[PDB]
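Quick heads-up: it's one chain on its own, the form deposited in one PDB entry, in structure tokens.
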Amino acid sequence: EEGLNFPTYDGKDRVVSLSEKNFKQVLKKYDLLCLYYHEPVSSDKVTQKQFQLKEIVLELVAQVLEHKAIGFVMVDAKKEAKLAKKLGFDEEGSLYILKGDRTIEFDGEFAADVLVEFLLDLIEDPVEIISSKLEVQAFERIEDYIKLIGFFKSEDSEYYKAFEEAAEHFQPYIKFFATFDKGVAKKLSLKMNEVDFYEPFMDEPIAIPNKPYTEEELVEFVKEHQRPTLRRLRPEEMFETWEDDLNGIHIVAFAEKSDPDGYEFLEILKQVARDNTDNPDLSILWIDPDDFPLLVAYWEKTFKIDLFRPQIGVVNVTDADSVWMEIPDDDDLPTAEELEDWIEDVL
């Protein structure tokens, strides 16, 4: 096993296949209902096995999250097409979570620990209130996440409630914050009912025009600015991000942040991102090898690169074919301009 006190599956059957007749009944039982929308299982032997692993994973997650009332069911895409269409499920292999009237999609690494950490954040309220100095400091240190902060009069303000409702659309991928403190608003240059949008790795936020905002206005603004120029590949978002390719390719950059050379290369990448942040056709994918250790060998074999050093290249999402910038020495890293010139030819 993994160690002392790591949980083991108790054989109990908490995750079963869901039919439409029992939906409204199953839905009442839990705080959150997670539905694994899958394609009908082959008889084939090797897919049946690959599916069983996923259920085993869901079973373990259901066990450890039982006390927090999160239910897990499976939905056959073919046999239960009617239920799926009514709930709006159309992507197979995705885990849909029903939280109130809202629907959140999980499309990342199908592991027990990844799912649990993800769901634990999803349970809570999407908006964090920033009041103290250390809380302001906490907000300021968020770098690789899309974050929004608004200044409102109080929690009873209708303008805050609209901001809160908009936050529910993107939970927990995009972080929403709110303050009712004039001191904090002054420091963050926020006017009453004004909301600032922070793109990852950018120095200055964008004030959303024409305040105050309705729920729809905020959702629309975020959706139009939802793809950062430099975005990080996270295990809980990996397939969602990878399927969000631009013209069939990804500009992939490997950088181990804990490694001084990786940190070095990432900082140069940030500058490249800032210089071309207004390019809608450009989105650089930052992958920290430490977040995907079991894919390191695969990446080094497929991309023919050494992941002990920072790398950047262009990956074709159809056949996993790529060309990589020649960086044999991480003490002779390319400048922002040299990266840009190499990138410029890619576009």
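Whichever C-alpha set is largest while still superposing within 1.5 Å between the two forms counts as the rigid core. The first residue of the shown sequence is 1; numbering continues from there.
The next section is about a form of this same protein that is not shown, the form deposited in another entry.
With the core held fixed between this form and the one not shown, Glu140 has its Cα displaced by under 2 Å.
Taking 2 Å as the criterion, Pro209 does not count as shifted between this form and the one not shown: its C-alpha moves by less than this amount when the rigid core is aligned. Once the rigid core is overlaid between this form and the one not shown, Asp76 counts among the residues whose Cα shifts by 2 Å or more.
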